[PDB]
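Novice: Please read through the structure below; I'll follow up with questions.
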Amino acid sequence: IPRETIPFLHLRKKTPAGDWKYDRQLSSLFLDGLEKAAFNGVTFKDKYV
Amino acid sequence: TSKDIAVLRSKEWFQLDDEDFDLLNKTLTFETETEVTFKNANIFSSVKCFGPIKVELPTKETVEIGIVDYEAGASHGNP
Amino acid sequence: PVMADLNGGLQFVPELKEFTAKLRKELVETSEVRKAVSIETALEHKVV
């Protein structure tokens with residue numbers, strides 16, 4: 001992830017103002033799970049949906 | 001509640017060894033003894049009310065915390 | 001189109017929910033107690 005640089009899949013985060021802005025770290029681990037979700041895949045065992 | 005421990009701490013005979021104590025969800029017992037000197041059949045002239053104040057533990061084995069010491073004159077009852 | 005923020009700044013003072021819950025949850029205590037103290041003391045004054 002470059003700096004000043006937003007990916008295509010980001011999560012967000014709120015400020016005391018009332019808005020939602022791009023975190024990096026927070027939105028940086030959503031993706032390790034994905035890359036993980038892609039080479040190894042995720043399970044959903046025991047869920048109930 | 002917590003507005004009761006205040007009216008208590010509002011008091012002058014409700015004194016303890018440490019006001020620091022936590023007085024919520026606690027159960028207290030008052031083994032008080034009263035002495036009094038009269039001047040009429042109703043109108044007292046001197047009133048002592050002493051006795052420990054004890055607290056429930058999670059065992060309910062009561063224990064001493066503070067002391068009552070109420071002093072008064074010309075009373076018409078026991079507060 | 002436009003938008004008018006006629007708020008005095010109450011989007012800055014944060015976590016306002018309990019910030020407010022408190023401001024009044026104090027009054028009730030500071031108020032209720034003095035409804036309790038005032039009466040028992042008066043009551044006290046009535047037995048002696």
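Novice: More than 28 Å from C:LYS46 (Cβ to Cβ), in contact with a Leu (Cβ under 9 Å, 6 or more places away or on another chain) and not charged (D, E, K, R): which single residue out of B:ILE65, B:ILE53 fits that description?
Specialist: Working: B:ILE53 fails: more than 28 Å from C:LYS46 (Cβ to Cβ).
After applying the criteria, what remains is B:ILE65.
Novice: Taking the condition of being within 14 Å of chain C (Cβ to nearest Cβ), of a type in the set (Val, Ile, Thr) and in contact (Cβ under 8 Å) with a residue 12 or more places away in the chain, how many residues in the range B:2-36 meet it?
Specialist: Qualifying residue count, the range B:2-36: 3.
Novice: Could you grab me the full set of residues in the range C:1-46 that are within 30 Å of B:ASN78 (Cβ to Cβ), among the small types (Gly, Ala, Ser) and under 18 Å from the mean Cα position of the chain (by Cα)?
Specialist: C:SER31, C:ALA36
Novice: Mind checking which pairs have a first residue in the range C:22-48 that is facing chain B (nearest Cβ under 8 Å) and a second that is surrounded by 14 or more Cβ atoms within 10 Å (Cβ to Cβ) and among the hydroxyl-bearing types (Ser, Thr, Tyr), Cβ under 6 Å, 6 or more apart or different chains?
Specialist: C:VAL37/B:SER10; C:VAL48/B:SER75
Novice: May I ask you to list the residues in the range B:1-45 that are within 14 Å of B:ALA72 (Cα to Cα), over 15 Å from the mean Cα position of the chain (by Cα) and of a type outside the set (S, T, N, Q)?
Specialist: Passing the criteria: B:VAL36, B:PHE38, B:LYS39, B:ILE43, B:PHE44.
Each reported figure results from applying straightforward, stated rules to the coordinates on display, with no laboratory input. Neighbour counts run over all protein chains shown; Cβ positions are idealised from the backbone, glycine included.
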